Every structure is written in C-alpha cells, then in structure tokens.
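> experimental structure below, sequence on top.
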Amino acid sequence: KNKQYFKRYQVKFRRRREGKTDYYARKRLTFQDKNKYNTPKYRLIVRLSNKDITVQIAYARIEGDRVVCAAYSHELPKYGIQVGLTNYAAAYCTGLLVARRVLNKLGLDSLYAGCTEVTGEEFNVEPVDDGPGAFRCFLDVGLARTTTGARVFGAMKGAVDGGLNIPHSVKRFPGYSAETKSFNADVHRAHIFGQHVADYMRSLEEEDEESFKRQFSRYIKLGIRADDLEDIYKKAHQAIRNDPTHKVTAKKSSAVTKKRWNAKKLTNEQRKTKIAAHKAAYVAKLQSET
Amino acid sequence: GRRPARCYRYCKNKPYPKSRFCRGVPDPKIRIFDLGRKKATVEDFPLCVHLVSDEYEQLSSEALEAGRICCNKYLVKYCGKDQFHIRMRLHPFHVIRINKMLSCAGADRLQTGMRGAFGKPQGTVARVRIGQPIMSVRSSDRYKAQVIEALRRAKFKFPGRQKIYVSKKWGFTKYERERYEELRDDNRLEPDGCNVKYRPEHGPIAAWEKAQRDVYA
Amino acid sequence: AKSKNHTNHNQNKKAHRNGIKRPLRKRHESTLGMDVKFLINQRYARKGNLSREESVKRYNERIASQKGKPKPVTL
Amino acid sequence: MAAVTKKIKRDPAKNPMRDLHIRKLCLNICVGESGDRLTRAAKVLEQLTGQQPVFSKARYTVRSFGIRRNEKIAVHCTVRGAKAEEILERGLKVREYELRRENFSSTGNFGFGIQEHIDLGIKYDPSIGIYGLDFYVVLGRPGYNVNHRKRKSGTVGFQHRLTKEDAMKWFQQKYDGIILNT
Amino acid sequence: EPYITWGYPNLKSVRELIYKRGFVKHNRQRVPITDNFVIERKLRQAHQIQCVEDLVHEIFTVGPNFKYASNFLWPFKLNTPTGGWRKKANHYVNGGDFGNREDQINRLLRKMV
Amino acid sequence: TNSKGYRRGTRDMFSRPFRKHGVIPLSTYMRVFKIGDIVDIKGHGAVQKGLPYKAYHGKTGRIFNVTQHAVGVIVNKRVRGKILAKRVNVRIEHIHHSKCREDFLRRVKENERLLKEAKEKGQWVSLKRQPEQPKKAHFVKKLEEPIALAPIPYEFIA
RNA sequence: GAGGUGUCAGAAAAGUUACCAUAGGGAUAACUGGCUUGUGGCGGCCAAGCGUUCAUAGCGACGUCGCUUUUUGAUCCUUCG
RNA sequence: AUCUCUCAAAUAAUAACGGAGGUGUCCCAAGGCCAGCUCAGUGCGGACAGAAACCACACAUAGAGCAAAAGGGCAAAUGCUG
RNA sequence: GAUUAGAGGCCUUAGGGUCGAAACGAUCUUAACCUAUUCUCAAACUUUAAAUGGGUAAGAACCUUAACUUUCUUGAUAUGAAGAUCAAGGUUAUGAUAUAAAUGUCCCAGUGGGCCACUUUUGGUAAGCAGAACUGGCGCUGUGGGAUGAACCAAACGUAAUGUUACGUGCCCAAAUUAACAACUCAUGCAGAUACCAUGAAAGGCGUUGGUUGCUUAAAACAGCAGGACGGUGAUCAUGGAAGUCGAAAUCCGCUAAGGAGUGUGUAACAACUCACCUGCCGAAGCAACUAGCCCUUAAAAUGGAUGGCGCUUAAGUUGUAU
RNA sequence: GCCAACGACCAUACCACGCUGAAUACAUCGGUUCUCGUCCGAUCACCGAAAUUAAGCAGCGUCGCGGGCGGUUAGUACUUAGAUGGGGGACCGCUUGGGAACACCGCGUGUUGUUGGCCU
C-alpha cells in the first residue's frame, strides 16, 4: 500500500530520527528570559556510551551552540584510571575534570576551590563577595531518566564539588533511601571511592574464578586487587586539582583525502551510460534467442 | 414543482454543493452517462466526435436524458447497436433553489408572504463553461454520416447556439490520430479499455523490461 | 421597519476630508505600561552621569591598576 | 540493485549475529469470567512460572456476552530468559511437538493453545479447576531491542528480521517438530 | 492616463510655450514676463539662471536643477485647439485622444496654445 | 450576524501553512530585539497562549517593551478617521523581523564608505537613490542573423 | 465578593372594544393604476409514436425555447388634511 | 444580549426574519506539573475463538483523543497511564 | 468528500457453475479486492496562486567610536541592555508638490429615512423590489446634449464683448441635401434610424451579397434529346410471389463500350417495362454541404398618433471613414 | 576523506531495496552484588567486557517513490484601469499594465556550526 502516503508525509526533524534530542526539554531548558538579551544560559551536557561517559559545557547562540568545555573518560588514563570507565566513582572525577578546567580559562583557579575532602558532602558552594560573581551552571539529563540513582548525577557530583555553581538538590542521589531520608551522606564515600563496585570484586573474590573471567575482567590482567581503588581516585583528584592538560595534540596531520574514500557520486555521464550498459544487454538477451 | 424550463437560463445563483449535512434531496434519474458498446477496446472505435456549446449557459438536467434517448433510437435504427460509444460527459451536481407552493387546503394558513425565503430541492441542472464538451460519440470511421446526422436531433434539445467539432484524436483518448500510430508500434502505447499507457520508461527498469519482453517474445 | 440600514456608504469619503493623520509626531514618547521596574532602575542611573570632565578619566588609570582585563574575555 | 556485492571475506553471511535466540514467552489465560474464575486461574500461574500475573480490564461492552468495560476479564503474563525454555518443553509433550503448519506467523514467532493444563508435572488439586490455555513464544535475534530501546532507536529492514521459515527451520532442526502441512 | 494626454515637445514648442502663454511664479503669485527680470531677481545666487533662454536650458536639455525649474512656472492657460479635438473618447491608439502619444504632441501645441 | 468576538474569521490565517506543522523551530526562541528594532506582527499556531486578534495580523511595528518573554508594539490601525497607536502584548513566536530596515542599514554603510572614497578626489557624491532611467541611443548591428524573422499569426482554427 | 435584573446596560404589568372618541402616517396595507409573470389562458420547434398502411392529413409524447395582462399572487412607487 | 462555519470580492471591517449549527452547562480532576508510555486502523496470529473477548508481532503522519457545537492547533504532547 | 466508465489481475472475498462424489484436480463466469486509469465537480476541500488594495522604512530625532553611568532582579570584563557625554563625518539620502502647514476650547447650528448606474453580489423565478462592499454622482445643482427626463455624457454656474470644442447638418434646427466616396439594403398594412433607451428569441430561405472546405469538368462535364439494359437462373432467399423484382441468406459472373441473382409505380405469378451504366448529342464552367452581413418568417391589443414631426430608398437608411 | 558529542537549517536530509564501511569509535553483546526499576535485569538500572561487523548507523548505488529546483506550458487563463465597442441578452473582442498554476521535460539527493579524536 501507501503510494501517495509519502506525499503528505513530513518528518520530525533529524535528531528525532536518529534519536538525539527531544525538543521538549531543550527548548524549556534553553528558554532564556528575553529581558537579558544574549547573556548565555551555559548549560552542562553529560552523555554516555557503553564504554565512555562524556561531559560538555555549552551554550546556545543564534546560529547554533558553541561548546566551550569538553571531557571524556579517555583522558583518565593520564590520571591512573585504566579500566572501569563507567563507574559512579569514574563519574566523579569526570565532573571534577572540567570543574577546574573552566577555572583555568577564566583564571578562577584560586577562588572557588570547592569541596576538597569528599566523603559524600552536600556542599552547595557559596556565592563569594567583593569580586568575581561565580559562573553558574545548569544541568541537562539528555534523554536518560532522572530516577534516584542515575549515574549522570555523579558527573554533577564532581562538578559541584570542584567549585561549580548549580541550583542543586539532593533527593535524586544513589543511596539516599527514598523511603525515607535519613541522609546517609557516607554512601557517596562508598560511591565516589568505588566501594560499591569494590565490594563486588571482594564479594566475588573467593566464589568464582570465572567471575573475574566475566565482568570486572582485565583487573586480573593488571593485578588490580579489591583493596587499593580509592587511593587511585584520591591521587587522581589532587592531580585533577593540579591541572587538566587541556588536550594538546600536535600530530598535524595524516587526514586529508584518505584514500578517496566514500564513493564520489557517479554523475550524469556515468549514470546514463551505466543505463546504456544495461539497456543493450536486455535486447541482447532477446537477440540471443533469435 | 417541476417549474417550467425558462427559469434557469443563467447561472446566477451560487455554485451549490450536495452535502452530508442537509437531508431531503430528490432523485436525479440520470443513471447512465454513456451508451454503445462499452466492452469495446480502443481498436474497435478509432473515430471520435463531441457535441459542444458556446456560452456560460446553464443546462437543465432533463435534456441530458433526452440527449441519452433521442440519439440512441437513431443510432440503433441506422448503423447497428454496438458500433459506437455514446458518452454524455456531464454530471448535474448543481441544485436549484425552490420553495414549494403547496400552501393550499386551508388548515395551514400562514406560511410565507416573503417571510421567510429559504430553499428546498426539487431537481438538478448543469453548469457549462465555454467549449465544455458534453455529448460525445466514439465509433468507427464509416459512421461519420451516421452520428452527426443523428446529432442534429440532440443539438435541438440543448439550448441556444451549438457548434459541432470533428476531432482529430484517435477516439476518446488524449492522443491525436496521426500521433497515435507511430508510438503504438513498439511498446510506448500499451492498450487498455478506453485508453492507453503514457510512457512506461519511468520506471525504473523491469516494467520497461517486461514491456520489452512480450513485444519480442 | 426594513428601510435601509447598517451601511458604510459615503462614510469613508467624509473621513478623507480631514487628512488621515498619524497621531501627531513625537520624540521622547511616554514610558507607561511596560515592565514597571526596569523603569525605576534607570532612575538610579539617571542620578549617575555626574562627570563629563572630572571622574570620567580617573577610572582609566584605575583600569591599568589591575594590569588590564586579560582574563574575562569570555564571561 | 546496481550494487556490487563482491563478498569481502569478513563473513560468509555466517552465524555470529543471526544466532536466533528466544526473545520471550507470553502466557495468556483467556477466561470468559472474572471473579472466582479469575482467582482460581490466578493460583495456577504463581507455580507455573512464579510470576505476578497481569490481568486485563476489558475494552468495552459488546453486549454479546454480558461483558463490559474494565471487567478484569482475563489473566496474562510475560516470561523471558532462563525460565521459558523449560515450560515450553513441558508443553511440547502435551503439544506432541510435531505441530501443525499454522500455528505460525510470518514474523518468526508463533504460538499454540492447549487443553488439560495439569499434565506439566503439577498436582491436580481439584479446588482449583481445569483450564485450557493458549501460549505464544517469541524467538528473535539479539539486537532486536533497537526497535524497543529508549535512545537511538531504529527499525530492522529485511534482515535480521525473521520470516516464518526461520522459526520453521528452528522448529524442525531442534525439537524436531515436522511442519505438518495439513 | 485615461484623463491626461502627455507628449514630448520639439524645439519650437518649448521656445514658443514659455514665451507665448508662459507666466512665472515669484512670491506665490502670477505676474507674467515683461522683461528678463522676473527670473533673475529670484534665481540668481542659489541657482544659476538669469535669461529666458537659460530657463530653456534647464528644461529642454534636462539637468540637475530641473525640479526647481518648473515649480517656478505657474501652470499655463492653453486656449483651445481650433479644428477641434478629433474625438476625446478613448486612448490614442484605437480612437484617438489622451495618452501615450509622445510625438504628435507638436501638431497639437501649434494649435492649442 | 457576527464578528464580535474573539477569534472568528481565521480560516487560512491563523493556522500553519502546508508541511510545517508539529514542533516549533528553535531559531525564533533565540532572537533579540532592542528598542527601535522595527518588527512585524503575524500569525502562528504553535504557541497557544497568546495571539494578536483578528485585525492586526499582517502589520508591523516599533518595539517599546522589553520583558520576560513578550513584546509590546506600537501599530497603526484604521478607525474612521482617528488612526491611533496600539500597545499589544504577545509571546515571541508570533513575530518575524522586518527586513525593510535590512536593506536600509547597508544603504548607510555604503554611503559612509563611498563618501570615504570620495574624500580623496572630492567629486562627486551621487549618493541618493535613483531607479532605472531612459537609457541611451545605441546603434545595433544584426550580428546574429539579418531580419525577417517574420512571426505573423494565423492560429484560430482548432 | 454574593442575593437580581435572559425584553441581557436593568420599569413592578393581563385582556379587548361591530358604541370606541384623537394627533397623525402613504416612513404602513384593503380599493384603483404601475413596472415582474412562479400561476394560468398563449403559441413555436425537433419528431418517439399514433393515425389499417402512412412519422408530419389532423396529431404530436419525452424534452427544447418564446410573446400577452383577462385573473392569480408578488411588491409598497402615488392618494390617509 | 450572545459563539462558530461561510455568506465576504485574498488587510481588517459589514448587512436582511440569508445557510449550517451552538450556549444559561460541566470538572478535585476533565486542575497544576514532573514521570514513564503512544493512538484511528490493519496484517499474520494463537484451547474454548465468529461480529465474538485476550495476548503477541509488524505497518502504523495522526485517518484519533482532547466534557460539550463548529473551527483551529495537537505525536517521547496539549492524548493513554502513573 | 461526492463521483462515471471499463481494464489489469496471483486472487480465494469468493456468488453461479462447470469437467468432478465435491473437487481439495481442473475450468470459466460473477461478485469483492488491489494496480493503472478515465468522465466529470465543490458556498461550509485544499498541494501552489495572481492584479486591484493592506503595513513599516527610504538618515543630522542620524551613522559609526571612546569610557562612564546601573541603588537591579540578570552578568565577575563588576560583560550586557538602556542612559547621560566627548571623538570623526559632504552637498542628507525616491519621485512630484504644497491652492500654506499646526493645534486647544464652544462639543458650536444641523443630521442621524435616503437614491443610482458600471463592475463585484446575496435574497427571490422576479420586477422602476429588496440587501450590501468599493468608488464616483443625485439630495445641495443650474447646465449645453439623446424632443422629452433630479443622476445619462460633455462641464461642475461672479457681470460682460469676442474666438473656439466633447452630440450632430435635408428640414422645422443654427450647420453639407459636401467639387468625400467604396460597397450596403427592397420590405405587400411599424423595412430600419444614433449607448441606458423604452426590445425581440428557438428553426429555415433556387431572397440577395460576401466567404471557407469538398468535388468534378476540356480523355468536353452539367442540363438537354438517342442505343442497350438480362441471362448461367424458376441455380437461389422468399409460395399473401420470387420466376430479377413486399423482404433476401447470399453470390459470382457469363454476356459485354455498357445488362446488376437487378431500378421500378404499397406491381401476390411468368411478364410488360425503363433505369444504373456506357457512347451519341453540347462543348465552358458546374455541383455537394458548409460558414455569416443585412433584409425574411417569426411577432397578437384594446382612445387614433409616433425613429421626435415633416419625410426619405445609386438615401436623410443600418456599417467602416475621409474633411 | 571520516568518527563522536552538541547542534543548527529541519526532506537535496525520506523511504523501499541492494552494496560497502580502514582507524577512531559508535554500537551490538554479557552479568545481576550494590543504586535501581521491574509481571518479566528485554525495554529501564548497576557493573565490563568474551564474542560481532550481521543489523543499526555512516557512505553509496536504483532511467526507485518522494521531495528540491530549472526550463516550457504562456502572455494563454484570470485581471486594476478606459470607451457613443459590438450582441436579443448570455457572454466575448479591443485600449491600458501587472501576469499565474497543476501537469509535461530536465537537473540535483543534505548543507553546515563549534568541540574533540581518528587516520585507510
């Protein structure tokens, strides 16, 4: 069926086809008050893959969206994190990364030091006086569900503990028991230091050798026992507090026209002659029988 | 109430509908819009001829039926029953605008001096632009003297001045007669009931190729 | 009594006898019906423009007191 | 169409990805009565699969059978993974698994209906009642969740989407169910 | 265009026009010609015209002072062209009178003025 | 017997013309308007909290309101005859820009620059606007194919 | 804010005068004229047929289009001193 | 008095006892707003299984729903459910 | 939405069947269905889409530039936005005008019933009726012109002399029966005559005058007067006759320049019998429908009288036009 | 020449079908102790990788649909303006200037922002 059904059809746009935005959150995310004219709203972007979790800082303009700051879990190999790139422990240091990377951009490395000794502290940073108004930040959850315990809040957690400025509430944290808080504030000390994962190595330390052949694999390949995980984080965090390397790369370059590579599109001379290569075959298949 | 014929010589009331909103519409009895051998192919009737008028003349529904019957009886008495394809090309969707005057018998005794003046339907009529082809015959070439000399007695039921065209098309198709021949000869005109197929090249391949197959084999 | 009514006849012609006349024309138009304040925020700044020769240049040396503004080029 | 295949030796179009796994099994208890007929059916399913049975508030009043809207007319459930493969083979002896031809849909999934639901190794317990059942197991290919994931969610195409033959292959290769074109 | 009959004049019309039935407009009144003075007195400094054949020059040759060079004239008072008007019905190119005539205006102004 | 009132007569106006239904773009939620950026008032069918009513749509105006998510306009409409000003409040996605200023601003900066190049030779400004003129008097060789070239009609009979 | 004004900017409100007495109105009829003609008297046309046969002597169906003002309504243009 | 669709000749405005209608209600959810989740149909289906129920899977540009007339909008909503 | 025609179909929705016990084999057909179309349509349907007319804008109340201002919800340049104040700046920025522009009172006397034509247009069959949108006019307005007539078309009216024009010249009528004609049109009881406007339709004409397209003729056509015109075959269809003939299935030919199972007077048989046809005869145009100017039929009113009267007719007439 | 994230314009970007895809990746795939929802660890959620380039996605092919866009249709249709222009009216012919469209033919099948990273 459905011949003319294509004619009156129209679409939802491009990112709805590939499932990238929603257009319902982002519009009422970036609904800037018009009294302020083009002061940017400066939201924070966190997206995730099966192997990587990402952290971006961007804002809208008229033509589009400039993304001033970026992050990956790919940088964490420089900070002693080899595996486990989709942990809530790993979620902390990623938000911690850009939390001082912007402070190198605007020079606010001294002020807004943030929560230093993290053991699960609900520390909204205070707006300081007599000088720099603090750079506010807003949170997007993208397309994932903002249930109590999503890992996207862990990217917020290192961001809010690094000195960034968010209207931030606490009811959607993992470990805060929804019936009823009772803020067990030390549960993030088990989250950020990976103890919620580190017990699962220890609670499978003696039960199955095949458990290590299963998930939390490659920890055995590097001798990562279930004891020393938090200090890898703590040494990374001060090194995060030392300096983010700001992704300097100077290969420069092996990129251009390699090799062609994507099938340049067969213009009018090679279209109709390909038809002419195909038209003369069909009369030849009839000229064969007579 | 089957008002006399002089009252609708001019399309000056509104282009009316026939709705799914107003119930009460009577019957247009024109249940046939074409006569002759409708089972004929295109090759049976090469000749074509219409009958046309020269105004914005409003045409009543009734002489369409006379236009059916009157040329029918001549053509069944002259040149065989099935040797043509009569077509009256026109549907009377337009309605006329009536208050019925059955205000008699005394027991009712108010309705209308002219308060108010709504309408009721009693019949239909047809709206004709200039050069709008109405009554047409698709036959063979040997009956040009049969149809037009029967078409006299249908022109004197459709009012006013009417001219007579002899087509140069090949029957009721949308193709000229000399144009009809050369593109038919290979594949490009594929035969159907009353018409043909315009350009089977697009597409994309196999419909051209299936038409390529049966003309060779 | 249905005589003839409702009708816009001649009425336009009698309007184009005195010209059609965009309201007046003005320069410093009224300010009412807006955001009510915004408006009085200007009233502070309307008390602020005190210098054309005295304090307009004193801040310029104090611009260089913080060795310029190299940092805040984005915010 | 006009696209060169040329079969670069990374696959013979073999099976690392078309490995044909069961998506789910749907159990349905279509009872024509609520209330006592519902709850007598309800204590069956909690030991067939151990799952919480999901009921069905009915559509509307067709008036033909005295049944209305919102009736909680029937019982159903869904079972997938590590539990469906045993309850099906407990049914194949009841099914006498050389099954008839249709019995089959072209989607690559199929189902059947049974009488005398006691014979899968359960106690009869005459306080519960006898029950005829219908079943529907859903096979699939792992990657089919792209039509049903929350994000980046796309359709299939002709492949890896199944035909009726794929299950009919899988019905006859393993479990040896001959097709019975009857 | 149905109500005006506009045309392109020759030499001898425009010389004869401002001469014969030309008036001039200083201080928004209408005092005709009688010397070279009635242009020179009020066109001398800000504009550059002081003889009647120089007011010719900024109209018949067309220039950048033209827009002030014929609000300076009051409209003339042409008389009525004897022989008549041929019909006065239509535009020129079917019946003949008003409109895009543009070249046979000279046979009019030899009569009409 | 009615206009009177509030949204009657919106057959082809107030909806969305073809193949543009559904979710709004997000370009127009971004735009910025100062005092004096002359703007239009037009119709829309995707922000259903606010409209300009049945008479305005198709008129443009000045802006002398800057607010949360609204625009307050001056606009001229015909009373008989006291053509007044009106102050209409409207959410932003009803509104398109004027481009009628948008030629005129590059009428400015050319004149600031073409006088600036004229500031080295002196003459001449030539800086106002003039449409097309009576052109010239060419002489035209055939050059290309001498005359006749004779299309004379004969077409009626059909 | 509400109790209330639906004849909706807000009187509380049933009849008829062939005994009826007044200001007036053609801004508004019955009567007389007037343009119009669904109505009806009134012809034309083409012939489906009838007329034993024969379409056209006389007829003329189905449909086609036209005048008069006897009525029949229409309308309110004139006369309500 | 009062509401729509036309009547309306593409700004708006507007006629007669012109045409089609509508209203003097109704809802603590049919409101406010976050959350999940997409209907009209139609295909192949499946003990008792048709017009019969219920589950499954595909196609589902909205052909529905949105208290009420008629227009208009409406597709991770302004609908279903919570 | 509503809507006409068939076609294309594996169809299995399948209705009648059919070869078959039914067929489950097979076979059409008819209903469904899809596929390609096709005839037409829309005041309350829209995929595009006009002209006329809506709207703002076409700078010195500017245009760029500084750093100041902000008691602010926004924002660390304590940005941005707007504000005050310096710096640079052509000749001011589309045409054509301004009979002068610009405003506050008396709410100032009136008036709050209208009419018409063109287009656009509802109500009604309709009207010199009603009902309107956009203009112009009539009421308020005379006026020159269709005799006449508030609106038609010229022009919008201080008192005067001259000269000259938008309707019309036979004459009452002021001006041509033009030192301008080409054709037009015959009317036996209103031939026709200057837009609204005060009329005339459906259908013909060996009435005329212009045409287009068909044929055919000089191997002499038409009209016009000469010769033949049946048999093989009463083979045959038809017996109310068929034998050539009410009507014919058929079906050729023989004969021959030309004679056909035949053209014939509501000829029931044979026949009688002339056509067709060919040639004589005469020898330059003829004939078929077709189209459309006027006259022509149409087309009938009551007081006796109307291009406006007298009247006209190779015009004073209907048409294109000279001066 | 690509890949991701964020987009922007939102079909030249779509769909049907076929083909390819180096790297980076995206994915796919795997488990259920905790967060956690669940009838159902499939969708959701937490852990992370064995296996995979089949699909998805990207790139491309189709006298593909669709849509974009050009050229003709066509100065035709309608039309603002004007008349002592005809016609029995209907309706049309001119003067005045704007001036279309579906069909019909052709061309084209995403362009791009910043942010990285890859390098056939």
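Looks like it came in fine. Residues are numbered from 1 along each chain as shown, chains lettered A, B, ... in the order given.
> now the helices for chain F?
For chain F, helices defined by DSSP state H occupy the ranges F:100-118.
> who in it is up against RNA strand H?
For chain F, the residues found near RNA strand H under the criterion CB under 7 Å from any atom of the strand are F:1-11, F:13-16, F:21-23, F:45-46, F:48, F:54-55, F:57-58, F:78. Placement of C-beta: from N, CA and C, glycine included.
> and chain A, which of those residues reach it?
The subset of the residues of chain F next to RNA strand H within reach of chain A, counting by CB under 8 Å from any CB of the partner chain, consists of F:21-23.
> wasn't residue B:66 part of a strand?
No - according to DSSP: H, G, I helix; E, B strand; the rest coil, residue B:66 belongs to no strand; its state is helix.
> tell me the buried residues within the ones next to chain A among the residues of chain F next to RNA strand H.
Under a neighbour-count criterion of 16 or more other CB atoms under 10 Å in any protein chain shown, the subset of those counted as buried is empty.
> which parts of chain E sit against chain B?
Within chain E, no position is near chain B by CB under 8 Å from any CB.
> residue of chain E closest to chain B, please.
Residue nearest to chain B within chain E (CB to the nearest CB): residue E:94, separated by 25.1 Å.
> how about the residues of chain C near RNA strand H?
If contacts are counted using CB under 7 Å from any atom of the strand, the residues of chain C sitting beside RNA strand H are C:2, C:5-8.
> circling back to that earlier point, so what's the residue count around the residue of chain E closest to chain B?
Residue E:94 sits with 7 neighbouring residues when counted by other CB atoms under 10 Å in any protein chain shown.
> who's in contact with it?
Residues in contact with residue E:94, defined by CB atoms under 8 Å, 6 or more residues apart in numbering or on different chains, are absent; none qualify.
> mind putting the residues of chain C next to RNA strand H in CSV, distance to residue D:124, secondary structure and neighbour count included?
Converted to CSV, the residues of chain C next to RNA strand H look like this (distance: CB to CB, whole Å; DSSP: H, G, I helix; E, B strand; the rest coil; neighbours: other CB atoms under 10 Å in any protein chain shown):
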residue, distance to residue D:124, secondary structure, neighbour count
C:2, 91, coil, 4
C:5, 92, coil, 6
C:6, 89, coil, 4
C:7, 93, coil, 7
C:8, 92, coil, 7
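> distance to chain B added to those residues, as TSV?
Compiled in TSV, those are given as follows (distance: CB to the nearest CB, whole Å):
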residue	distance to chain B
C:2	10
C:5	17
C:6	18
C:7	21
C:8	24
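> would the residue of chain E closest to chain B count as being in a helix?
No - with the criterion set as three-state DSSP, the secondary structure at residue E:94 is coil rather than a helix.
> distance of it from chain F?
Here the criterion is CB to the nearest CB, to the nearest Å. By it, residue E:94 lies 19 Å from chain F.
> and that residue, its phi and psi?
Here is the backbone geometry of residue E:94 (degrees, to the nearest 10): phi -110, psi -60.
> distance-wise, check it relative to residue E:82.
Per CB to CB, to the nearest Å, residue E:94 is found 25 Å from residue E:82.
> output the longest helix belonging to chain C.
Selection of the longest helix in chain C by residue count, based on DSSP H, yields helix C:36-45.
> please apply the same query to chain E.
Scanning chain E for the longest helix, with DSSP H as the assignment, gives helix E:11-21.
> anything in that one near RNA strand I?
No - judged by CB under 7 Å from any atom of the strand, helix E:11-21 and RNA strand I are separated, with a smallest distance of 13.7 Å.
> could you find the closest non-adjacent residue to the spatially most central residue of chain E?
With distances taken as CA atoms, centre = their mean, residue E:17 lies nearest the centre of chain E, 5.6 Å away. The spatial neighbour of residue E:17 that comes closest, neighbours along the chain excluded (CB to CB, 6 or more residues apart in numbering or on different chains), is residue E:113 at 6.4 Å.
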